[PDB]
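Report on the following structure.
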Amino acid sequence: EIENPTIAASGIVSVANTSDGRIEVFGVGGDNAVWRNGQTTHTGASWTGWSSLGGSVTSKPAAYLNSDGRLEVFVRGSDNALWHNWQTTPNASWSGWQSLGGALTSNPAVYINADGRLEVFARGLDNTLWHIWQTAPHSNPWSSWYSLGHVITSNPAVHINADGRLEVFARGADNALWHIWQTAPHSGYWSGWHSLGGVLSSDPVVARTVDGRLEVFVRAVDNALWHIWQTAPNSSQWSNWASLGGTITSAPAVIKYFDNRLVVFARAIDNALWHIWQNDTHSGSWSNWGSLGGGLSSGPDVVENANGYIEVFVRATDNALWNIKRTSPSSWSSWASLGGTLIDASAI
Amino acid sequence: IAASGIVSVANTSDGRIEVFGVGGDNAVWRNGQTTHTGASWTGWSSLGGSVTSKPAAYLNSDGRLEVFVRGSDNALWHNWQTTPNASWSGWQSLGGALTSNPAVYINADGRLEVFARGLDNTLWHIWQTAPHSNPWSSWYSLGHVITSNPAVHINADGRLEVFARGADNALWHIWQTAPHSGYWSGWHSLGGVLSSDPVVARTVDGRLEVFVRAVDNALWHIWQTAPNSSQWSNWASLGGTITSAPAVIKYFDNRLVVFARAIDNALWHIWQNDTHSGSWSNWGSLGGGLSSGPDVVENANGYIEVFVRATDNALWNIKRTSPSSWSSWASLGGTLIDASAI
Ligand SMILES: CO[C@@H]1O[C@@H](C)[C@@H](O)[C@@H](O)[C@@H]1O
Ligand SMILES: CO[C@@H]1O[C@@H](C)[C@@H](O)[C@@H](O)[C@@H]1O
Ligand SMILES: CO[C@@H]1O[C@@H](C)[C@@H](O)[C@@H](O)[C@@H]1O
Ligand SMILES: CO[C@@H]1O[C@@H](C)[C@@H](O)[C@@H](O)[C@@H]1O
Ligand SMILES: CO[C@@H]1O[C@@H](C)[C@@H](O)[C@@H](O)[C@@H]1O
Ligand SMILES: CO[C@@H]1O[C@@H](C)[C@@H](O)[C@@H](O)[C@@H]1O
Ligand SMILES: CO[C@@H]1O[C@@H](C)[C@@H](O)[C@@H](O)[C@@H]1O
Ligand SMILES: CO[C@@H]1O[C@@H](C)[C@@H](O)[C@@H](O)[C@@H]1O
C-alpha cells in the first residue's frame, strides 16, 4: 500500500457566521459532546460562554448556514454514522441529534448547491468519496448514501464553481491532489476523477477567488505551504503547483480579506500563528510570512466578522479556545481566551 | 417620483461589473469591465429589443446574468447568458401586462422571482419553476393598489419581502409566510409620505432597512428592530434636499452608505458612523453634474462603484480605489435615455 504522510494538525472548531451577523463556534468537549460558543451580538463586544449540544462524536464537527438562515452541525457519531443537529428556527432552539446513517472514515464536509440543498461529503468504509444531500432546499429528509468512487487518504474539501457546479478535493492513495465536479449544477451526474499531482501532507483547503477561480492550499511533504488554481473560472486548465515556503505544522486556513485578497493562516514549527497574503488578486504576488505569536495546540480556523474583519480561532497549550482578530484596516487585536476545554476529535 | 438611476448594475460570476441601459433607439445596451480589476471597459454593445421600462439585471445561482425589461407590448421580456459571461439568448416574452419597472430577487431555493405593477395597479409576480432555469410560472396578483416601482429583498430567514408606495403615498410591504412557502402575508402599512421608489438594504445583523425621498424632499429611513422582526422603527430623517431616488450599499466594514443627486445636481452621499448606534455622518459632495439618480455596486476590489448619467447623457463612473481614496470621474460614454415605466 502506497504510504501516506501524516496529515497536518486540524483546527479545533467549526467557525460559522449566523444569519444575524454573529460568529458561532462548534468544538468537541472532554465528554466527547459538541459544545458551542458565540458572540452575544454582531459587534462582538462579548461571547455567550460554552453550552453543550450533547451527543458523543468521533470527528471534527462541520457547521453550515442553510439558505433559510438556520445553522446546522454535521459530525461522525459513536457508530461511525453521519449525525446532524439543526436550529429549528434561525438562532433559536436546536433539534437534537438525528442519524443520517452511513459508515464514514473521515470528517464530514458540507456545501450548499445552487438550489439551496446542503450536500455532505465524507470518505466511506471502502475509502471512496461518499456523499448525501437534502432532498429539498434547507429541509429534511435526506437521500441515502452514494459513492463517487476513487481511493482517498485525506478528509474531503468542497467548494462551488463560478457556474454553480460543486467540486470536491481529496488526497489520493498516490498522495496527489484529486478532484471531481458536478457536470452541471446539481445535474444528477459527476465528471469522474482528475489528478492535479503533488505530494500532499495535509487535507486540501479550497477558496474561490473574487474572479471565480478555485484555488487549493496544502502542506506538501517538504512541509512548505503549496497552492494551485484554475487559470480561469470553470477552467479545463489548472496552473502548475507553486510553493509559498514556510515550515507549517497545521492545515492552512484561507479567507478573502475585505478587499478580496487571499490570506492564509497556519501554525508553524515554532507553534506560533503565522500568516501570508496576496499583494494583489491577479499578478500572483504574495507577501513574506508574518508571525502573530501565540502558542497553538491546533491549526487556526478563520471567518470574516460583522465589522468586515478577519477573526482567528486556535486551541492554546491550556486546551482553551483563543481568539485574535483585525480591529481596523491597519491593526490586529490582543490574544484573548474564550476558555473551555477542547479535544481534537479529527477522524483521520 | 424622484428621478431614477439610468442603469441596472450587476456583478458577473467572474467578478466584473456589467451595466444595462436604454439607448436613444429604445434598445438595451450593455457595457462591462474588461477584467475584475475594472481598469478598462469593453465599450457599448447592443442587446437589441424595443423597451418601455428601466432594465433589471440579476445573477442566477448558476452564474449566468439575466436582464428583465417591459417590452413595446407592456409584457415582461428577458434575455440571458446561455453560458456564464458568453453569448446572449436574445429577447423571450414572459407575457403579462405591466405598469412599472420589473424588480428581481433570488429565492432561498435558487429560483428568480420578478415583481412589477400589473394592468389593475396591483402587485404582480412570476418565478422560474426550477432553479436558474426556464420555463416560468404564469402571472399572479398579490393585490393592493401601488403607485411606485416595487422593491424586493430577502429576510435573514430566507422569506422574500416586497415594498411599494400605496395610493396614500405610504410605504406598504408584504412577505412570503416562509421561504418560497406558496403563501404570502397580508399587506401592512409602515406609513410615511414617499416622493420616490423605496430602496431596501439588509444590515450585516440581518435587518431590512428602507430608504426613500419624502414629501419634504429629505432622505428618510425605517428598519426592522431585529432580524425577521414583527416590529419596525419609527421613520427618521437624514435631511438634505435630494432630486433622485437614493442608492444604498454596505461599505467593506458593513456601514450603510446612501448616494443621491442633490438640488445642485451633484452626487452627494451620507453614511452610518457604526452598525450598532443609529449615528449617521453629515452629507458630503462628490460633485458632478447629474441628469439621473445613482446606481451602486461593490466591485471585485471590495470597493463601492457609482454610475450616473451626466448633462452630456453619457454614463459616468466614480469608485473607491482603496480604503482611503476615490477614483477620478471617468466617462464610459454612450447616450442613455430614462425609460423608467413610472
Ligand atoms: C466550559 O466547559 C468546559 O469546556 C467544554 C468544551 C467541555 O470540555 C467541558 O467538559 C468543560 O468543563
Ligand atoms: C445523542 O446520541 C449520541 O450522539 C450521536 C452524535 C451519536 O454518536 C449516537 O450514537 C450517540 O448515542
Ligand atoms: C439531488 O442531488 C443532485 O443529484 C444527486 C444524484 C447528486 O448528483 C448530487 O450531487 C446533486 O446535487
Ligand atoms: C467542468 O469542470 C471544469 O473543468 C474541468 C476539466 C476541471 O478543470 C474543473 O476544475 C473545472 O471546474
Ligand atoms: C455607443 O452608442 C451610443 O449609446 C448607445 C447606448 C445608444 O444610445 C446608441 O444609439 C448611441 O449611438
Ligand atoms: C426583440 O423584440 C422586440 O423587443 C422586445 C423587448 C419587445 O418589445 C418586442 O415586442 C420587440 O419586437
Ligand atoms: C414556487 O414559488 C413559490 O410559490 C409561489 C406560489 C409563490 O408564493 C412564490 O412567491 C414562491 O416563491
Ligand atoms: C414574518 O415577517 C416579519 O414580521 C412581519 C410582521 C413584518 O415585520 C416583516 O417585515 C417581517 O419580515
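Side chains are part of it too, since the values below use all heavy atoms of this structure and drop only hydrogens, waters and symmetry mates. Numbering of ligands and ligand atoms starts at 1, following listing order. Residue numbers start from 1 in every chain, and the chains themselves are labelled A, B, ... in the order their sequence lines are given, proteins ahead of strands.
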Under-4.0 Å protein heavy-atom contact, atom 8 (O) of ligand 6: yes
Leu208(B) contact mode with ligand 8 (heavy-atom cut-off under 4.0 Å): neither
Whether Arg213(B) side chain and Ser195(B) backbone form a donor-acceptor pair below 3.5 Å: yes
Check: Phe74(A) ring centroid to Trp142(A) ring centroid under 6.0 Å: yes
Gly48(B) heavy atom under 4.0 Å from ligand 6: no
For atom 5 (C) of ligand 8, the protein heavy atom that lies nearest, with its residue and separation: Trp175(B) CZ2, 3.2 Å
Distance-only polar pair, side chains of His180(B) and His138(A), donor-acceptor under 3.5 Å: yes
Protein heavy-atom partner closest to atom 2 (O) of ligand 8 - residue, atom, separation in Å: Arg159(B) NH1, 3.1 Å
Whether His144(B) and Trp187(B) hold their rings parallel, tilted or perpendicular, with breakpoints at 30° and 60°: parallel
Element-labelled atoms of ligand 6 that are located less than 4.0 Å from some non-hydrogen atom of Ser50(B): 3 (C), 4 (O), 5 (C), 6 (C), 7 (C), 8 (O)
Close N or O approach (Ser72(B), ligand 6; < 3.5 Å): yes
Per-residue contact class, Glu161(B) against ligand 8 - non-hydrogen pairs under 4.0 Å: side chain
For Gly49(B), the ligand 6 atoms whose distance to one of its heavy atoms is below 4.0 Å: 1 (C), 3 (C), 4 (O)
Non-hydrogen atom of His173(B) closer than 4.0 Å to ligand 8: yes
Shortest protein heavy-atom distance from atom 11 (C) of ligand 8, along with the residue and atom involved: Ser229(B) O, 3.2 Å
Distance-only donor-acceptor check, side chains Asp344(A) and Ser10(A), under 3.5 Å: no
Steps toward side chain to side chain contact (heavy atoms under 4.5 Å, CB included) verdict (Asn127(A), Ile152(A)): CA-CA 6 Å; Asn127(A) 290 317; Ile152(A) 59 161; 5.8 Å; no
